[PDB]
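Protein chains in written order, with PDB author numbering: chain F, 512 to 546, 569 to 663; chain D, 512 to 546, 569 to 663; chain L, 1 to 110; chain K, 1 to 35, 35A, 36 to 52, 52A, 53 to 82, 82A to 82C, 83 to 100, 100A to 100G, 101 to 113; chain I, 1 to 35, 35A, 36 to 52, 52A, 53 to 82, 82A to 82C, 83 to 100, 100A to 100G, 101 to 113; chain G, 1 to 35, 35A, 36 to 52, 52A, 53 to 82, 82A to 82C, 83 to 100, 100A to 100G, 101 to 113; chain E, 31 to 57, 66 to 141, 150 to 184, 189 to 309, 312 to 321, 321A, 322 to 398, 410 to 503; chain C, 80 to 127.
For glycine and all other residues, C-beta sits at the position ideal for the given N, C-alpha and C.
Here's the structure we're looking at; comments come further down.
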Ligand SMILES: *[C@@H]1O[C@H](CO)[C@@H](O[C@@H]2O[C@H](CO)[C@@H](O[C@@H]3O[C@H](CO)[C@@H](O)[C@H](O[C@H]4O[C@H](CO)[C@@H](O)[C@H](O)[C@@H]4O[C@H]4O[C@H](CO)[C@@H](O)[C@H](O)[C@@H]4O)[C@@H]3O)[C@H](O)[C@H]2NC(C)=O)[C@H](O)[C@H]1NC(C)=O
Ligand SMILES: *[C@@H]1O[C@H](CO)[C@@H](O[C@@H]2O[C@H](CO)[C@@H](O)[C@H](O)[C@H]2NC(C)=O)[C@H](O)[C@H]1NC(C)=O
Ligand SMILES: *[C@@H]1O[C@H](CO)[C@@H](O[C@@H]2O[C@H](CO)[C@@H](O)[C@H](O)[C@H]2NC(C)=O)[C@H](O)[C@H]1NC(C)=O
Ligand SMILES: *[C@@H]1O[C@H](CO)[C@@H](O[C@@H]2O[C@H](CO)[C@@H](O)[C@H](O)[C@H]2NC(C)=O)[C@H](O)[C@H]1NC(C)=O
Ligand SMILES: *[C@@H]1O[C@H](CO)[C@@H](O[C@@H]2O[C@H](CO)[C@@H](O)[C@H](O)[C@H]2NC(C)=O)[C@H](O)[C@H]1NC(C)=O
Ligand SMILES: *[C@@H]1O[C@H](CO)[C@@H](O[C@@H]2O[C@H](CO)[C@@H](O)[C@H](O)[C@H]2NC(C)=O)[C@H](O)[C@H]1NC(C)=O
Ligand SMILES: *[C@@H]1O[C@H](CO)[C@@H](O[C@@H]2O[C@H](CO)[C@@H](O)[C@H](O)[C@H]2NC(C)=O)[C@H](O)[C@H]1NC(C)=O
Ligand SMILES: *[C@@H]1O[C@H](CO)[C@@H](O[C@@H]2O[C@H](CO)[C@@H](O)[C@H](O)[C@H]2NC(C)=O)[C@H](O)[C@H]1NC(C)=O
Ligand SMILES: *[C@@H]1O[C@H](CO)[C@@H](O[C@@H]2O[C@H](CO)[C@@H](O)[C@H](O)[C@H]2NC(C)=O)[C@H](O)[C@H]1NC(C)=O
Ligand SMILES: *[C@@H]1O[C@H](CO)[C@@H](O)[C@H](O)[C@H]1NC(C)=O
Ligand SMILES: *[C@@H]1O[C@H](CO)[C@@H](O)[C@H](O)[C@H]1NC(C)=O
Ligand SMILES: *[C@@H]1O[C@H](CO)[C@@H](O)[C@H](O)[C@H]1NC(C)=O
Ligand SMILES: *[C@@H]1O[C@H](CO)[C@@H](O)[C@H](O)[C@H]1NC(C)=O
Ligand SMILES: *[C@@H]1O[C@H](CO)[C@@H](O)[C@H](O)[C@H]1NC(C)=O
Ligand SMILES: *[C@@H]1O[C@H](CO)[C@@H](O)[C@H](O)[C@H]1NC(C)=O
Ligand SMILES: *[C@@H]1O[C@H](CO)[C@@H](O)[C@H](O)[C@H]1NC(C)=O
């Protein structure tokens, strides 16, 4: 039960594994995100697929994590959002459960990330001014 | 026949020059890639042009060369793919001939690049953990 | 530490005979048990995993069975290449523990 | 297929530190793999010594070898090292590095096992 | 238009190393250009000393001046340097830095040639 | 709401340099804010000392305190510091750090003013 | 102590329920496969292990999309076809009484009338054969649909044969399929997989019986949104099919009448030989065994000591009262009265014959003001099909009695799609995630 | 002022009998011809 390796190469194969194990196959999920009665449906589907990828890339780039799959920042982890330890998160829980639990406090984190990135950019420009 | 300079500022002017000479005018090609019977054709053309550019940008960004026109990586050059020397490639061949010669072994390099970039990101996160 | 107890310590069988070797555990381990084969001067080779699941390339003559806390490796038709030392490995809980080993010898005319 | 090769000194004086290396080819040390160090004493059964997880880095050691056994990884060089302090004459044995893992290739699933040829280590002054 | 200006010491003692600097304005040294160094002796014909390619960096030298002539580039400062070791009295001459190149602008191709005013160098103790 | 807290030594010897700190909570020091340093002498009226702009960094000082008063910011630590050289017995006072600003949120604009509790500084040998 | 900080992960495997638009994929027809993308020869299915999903077949949005697409394709296919506006004229009809059996007495009418021609100042006198269900007395008769609307004649080159259709989701979406057998279409499903396109689904249109469908892999399956309520239909899926052989034995003849410039109307010329009714045959022992399995499964939900009654339909229109289908281009309505007639109490080569009628003016979907004229087919026609389920409804059900009566139902065709898309759902991926970690930028 | 860029030392492969632009031109010409005739009188009464 302990001491066994697991590796997944499918599209969503790691959906049932722990967060730590599932965090090693982000690229396979990253590839797929982009790619008369039927033609209009096809066109609408293509446009809808295009829009969300651009929105996600814009949100990623606003925080300074552009072109990165595992990007970590300066914003501290407020204890009010969660109270579990890293041992019981990355080796006991799954991404779906984590999202279900944390969906309440997403916009605050997004805004804090945006403000922190803007402040960091201003500080970097000030430093480079000298 | 030796000791003569050639500079091209056209769209595809450097198509007939050597790889080394042609590698100095990448931006001019980079600019153009984005930009009732006839309106639908125009709309489909616009959508296709957007889709291909987005696919190319995603593929470039997955390997870690995002926002770069020249970017070398950690992957070694397997001798099975080619055996010529740098003197006979960058000064004795054109990009079209090189693409015709190497088209058989394209996907393996892409997969190796993706895996190497993921490993590098994980190592960077581990280093920053300390 | 979960204790593996193998029986018999050594046995002699001829070609084509049926052989059975038992491994007992101090506590229940469910299914996380493996049967390994080791020839002289060679590293152990996996024969069976998950009690009764056969590794690819292992001949089907080998089989595994469970009864309570006891497990059994059965060779229906022994072959000349089946003479080796067999071990039971438990990995349900740490530490991994091996058996005492059972050696199968060749029975022939004096 | 994952290939494992053992290496290290053939002789270690008593009370010194035995250092062993196991190099992995065909797989990444930083992946979701468990690397196990086992030994076989002369004319006796096998004895699992320890193991390490490539990704998180957690190490699990046998209680008998606790306090003197260390297992570490190296992703850049793609190999994992083992250290055993205060080696005595009873520590002479053949050391092996192995790994077990499930491979879930989309529809299919398969259990894979890999061992190394092993390295003989003799402890004596 | 590419402008070239020569500079360097006006006098060099015998057996010393003559250093010359040609600065380029209106073009990038790192482009696909060939920069050539040519000396004309007093009251005699011209002599091509050497040249260098800005992009790859390959340098070509006259066989007579081989083993003592070294031509190098500098993209950051946008100029190229020339070194001549063991200068003797016969090396007194007027040095020029020049370039030739085809410019293929869309439909039209044109040959352009540029020379510098030149610098007089006298070798004597 | 912007919270301001003063800190610093309670006593400074004559002719020394008085250093004071004001820490800001709830707002960024690098924003478009004006931070003002004021003092109140014992049993007398107020007297504005100086101020600094968080963004550009320009500082404006009282003419009476010119040549001895300095005000600086710290965005990373999120606080601003004040220095007064050659402090004499007449400089004993209660120092305050304050800030006033307009906040135009969408349709509505409001005027906000914030003051600190203040720190008493006594100058004497 | 904790000193934890936020970290962003892109590509996280997380999905959420969503509604989108799926598109077609397939390997002259009304269900146009010309504008459908080709299907991959080897579709990829990724099994997910340790994934338990929530499924509900009675709130699936794919059924509504399929219904809308089917209706749209049906409407589109009929646009370039002849409009039978001149056909609304006074007909003079008589009875046909040659070589007719006793059960087809007065079921056909020989009607003569005046019709236009290519030249707009000339007229012709023509005659045809009509079914009694298509003419209403005004010795003078008229077509039933004349006082409602005029409708087009189906073009004789487009075929009504169903073709399999695969439904595929867009990029950024995924289709989850429940592989757990014995799953009744509602609740947790523990065995799940991800697929790119749905398997081939034939848009078969029928009532009171499901034909050419899919069979349960384990046993007879009974499904219902709320089995306690009598207003909800019960869907039965057989584990094995029951063969049914339907036939029209009349040797029909088709003749074209030119009613204008490049416009022809296909009338029934004459019948060669004997005149006999169409009919369907179904085996007896197989039907009895299937009904035994069905009542055995029903006893699980409706007690182990109740008495189960199978009876006739209540009443209404011919479409909802009879087993209506389309065989060989001809629209059959069969009287399924000999099947659901029995009572079960807790404790050889002959076959059942269902007599059927044929109709030519068709209101396919439950609409008003849009009919369709089916041109006649030449020669006898025969077809063989499977029966792989039933649509039932419980009559009464009050506590005053200890008996259960079930009768056939139908009407709405969404239930025909619901029996195929009961193990599918669509989700959208959410690759962005935030976690705590000991980083520091 | 259309822009044309000559390619030096470039030789291409050409085949007039397998050009796809001809089919596109034919289809567009037919489509335009059909479209232009939609809002015009229908001579149905003339068949007398
Ligand atoms: C359930 O599935 C089963 C099978 O899986 C279905 O039964 C099959 O039904 C099809 C369609 O009726 C049938 O195929 C026909 O066989 C006939 C006899 O061989 C053919 O004559 C017929 O072709 C004619 O019709 C086509 C259009 O459907 C035309 O394209 C074709 O050209 C033929 O038409 C010519 O001839 C007629 C008459 O002379 C003339 O008027 C035309 O102008 C034209 O000249 C089909 O190929 C299969 O044989 C059936 N399978 C079996 C085993 O019997 C069953 O229908 C399904 N159930 C439901 C409810 O749909
Ligand atoms: C339907 O009615 C028409 C017209 O009454 C019948 O056609 C006539 O048939 C008789 C007998 O063969 C002929 O003598 C006439 O010349 C036919 N009339 C025309 C205009 O052709 C037809 O036979 C009837 N069909 C049936 C099945 O009763
Ligand atoms: C087809 O049209 C003809 C001509 O209008 C019809 O014959 C007429 O019928 C009316 C009504 O009874 C009589 O008043 C005329 O005298 C008839 N004229 C002739 C020349 O016969 C004929 O009845 C129509 N056919 C049908 C089937 O309605
Ligand atoms: C299934 O149907 C039954 C029968 O209608 C539902 O029970 C009824 O619920 C309504 C709602 O208030 C009551 O007014 C009735 O008195 C109930 N009747 C009985 C016999 O209980 C039941 O709620 C339905 N199931 C679900 C999940 O909605
Ligand atoms: C349905 O079954 C009936 C029998 O109940 C069949 O009727 C027989 O059909 C054959 C045809 O080969 C004739 O030879 C017999 O004379 C018929 N017998 C009777 C009593 O009618 C009928 O053919 C079957 N039809 C189908 C489509 O299967
Ligand atoms: C429906 O028709 C099929 C064939 O059209 C029948 O299958 C035949 O069954 C008999 C058994 O009575 C066999 O002897 C024949 O060999 C079968 N024929 C074929 C082609 O397989 C089937 O029995 C019919 N079913 C009914 C209910 O009439
Ligand atoms: C189911 O069976 C009943 C009786 O067995 C049918 O009721 C008959 O309907 C016909 C048609 O109107 C009447 O002529 C008979 O008098 C009715 N019989 C009785 C006893 O009332 C009923 O029609 C059948 N169902 C269907 C859909 O046909
Ligand atoms: C469907 O079949 C049943 C069974 O034959 C029909 O019920 C019969 O109807 C006739 C009317 O002519 C009565 O004479 C019989 O007595 C009825 N049989 C029984 C057993 O009651 C029923 O009418 C048919 N459906 C329709 C719509 O006619
Ligand atoms: C009616 O059911 C039978 C049995 O379920 C079908 O026959 C099977 O057809 C599939 C076609 O993919 C074959 O792979 C099987 O081997 C067949 N089974 C047997 C026992 O032969 C038959 O196709 C169904 N009829 C229709 C029209 O779909
Ligand atoms: C399957 O998932 C459940 C819940 O996430 C977990 O408790 C269980 O350990 C998983 N199965 C295995 C074999 O780990
Ligand atoms: C035709 O036959 C039907 C049924 O026998 C009868 O009701 C009708 O009156 C007949 N019509 C005639 C003879 O015109
Ligand atoms: C057309 O006539 C039939 C029978 O006479 C009648 O039932 C129907 O209601 C009529 N249509 C309308 C729209 O009234
Ligand atoms: C069968 O349907 C009922 C509906 O209430 C549901 O509760 C039950 O879980 C379903 N069966 C299974 C095995 O999920
Ligand atoms: C129907 O009639 C035509 C014309 O006489 C004939 O060729 C055909 O064989 C008939 N059909 C049958 C099934 O005999
Ligand atoms: C219905 O079943 C009864 C026997 O219960 C039988 O007498 C009767 O004929 C059946 N009706 C039909 C239409 O088959
Ligand atoms: C023209 O191109 C050919 C090969 O494409 C090459 O061999 C030749 O050297 C080129 N001409 C010049 C002047 O470089």
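- The nearest non-hydrogen atom of ligand 8 is less than 7 Å from the C-beta of residue 386 (chain E).
- Straight through space, the alpha carbons of residue 328 (chain E) and residue 435 (chain E) are spaced by roughly 21 Å.
- Comparing C-alpha distances from residue 83 (chain C) to each of D:620, D:645, D:524 shows the shortest one belongs to D:524.
- Counting other Cβ atoms within 10 Å of its Cβ, residue 103 (chain K) reaches 16 or more and is therefore classed as buried.
- The region 354-368 of chain E makes no contact with the region 291-299 of chain E: fewer than 3 CB pairs, one atom from each, lie closer than 8 Å.
- Contact check for residue 14 (chain G) and residue 83 (chain G): beta-carbon distance about 6 Å, within the 8 Å limit, so the pair qualifies.
- By the CB criterion at 8 Å, residue 95 (chain L) and residue 47 (chain K) fall inside the cutoff.
- Annotation for residue 419 (chain E) indicates a beta carbon at 7 Å or more from all heavy atoms of ligand 11.
- Contact annotation: the region 262-277 of chain E touches the region 340-360 of chain E, with at least three C-beta pairs closer than 8 Å.
- By the CB criterion at 8 Å, residue 29 (chain I) and residue 71 (chain I) fall inside the cutoff.
- The C-beta separation of residue 11 (chain L) from residue 89 (chain L) comes to about 20 Å, leaving the pair out of contact by the 8 Å criterion.
- By the rule that beta-carbons nearer than 8 Å mark a contact, residue 215 (chain E) does not touch chain K.
- Of all residues in the region 54-66 of chain K, only 58, 60, 61 come within less than 7 Å of chain L when Cβ atoms are compared, listed by chain position.
- Around residue 111 (chain E), the same chain offers 68, 69, 70 as residues with beta carbons nearer than 7 Å, after the five sequence neighbours per side are excluded.
- Along the length of the region 10-58 of chain L, whole beta strand (DSSP E) runs at least 3 residues long occupy 10-13, 19-25, 33-38, 45-49, reported in chain order.
- For residue 180 (chain E), the closest C-alpha among the options E:472, E:421, E:431 is that of E:421.
- Close CB contacts of residue 21 (chain I) within its chain, under the 7 Å cut and outside five residues either way in sequence, are with 7, 8, 77, 79 (chain order).
- Within the same chain, 35, 36, 37, 55, 58, 62 come within 7 Å of residue 47 (chain L) by CB-CB distance, once the 5 residues on both sides are set aside.
- Each residue's CA atom was taken as its position, placing residue 649 (chain F) and residue 612 (chain D) some 47 Å apart.
- Listed along chain D are 656, each with a C-beta nearer than 7 Å to that of residue 73 (chain K).
- With a threshold of 7 Å, the Cβ atom of residue 372 (chain E) counts as near ligand 7, since some heavy atom of the ligand is closer than that.
- Put simply, the backbone Cα of residue 618 (chain D) is about 56 Å away from that of residue 54 (chain G).
- One Cα belongs to residue 86 (chain L), the other to residue 67 (chain L), and the distance between them is close to 19 Å.
- Closest in alpha carbon position to residue 238 (chain E), among E:42, E:345, E:89, is E:89.
- One finds 514, 515, 516 in chain F with Cβ atoms closer than 8 Å to the Cβ of residue 34 (chain K), taken in chain order.
- Looking at the backbone, the Cα of residue 634 (chain D) and that of residue 661 (chain D) are separated by about 42 Å.
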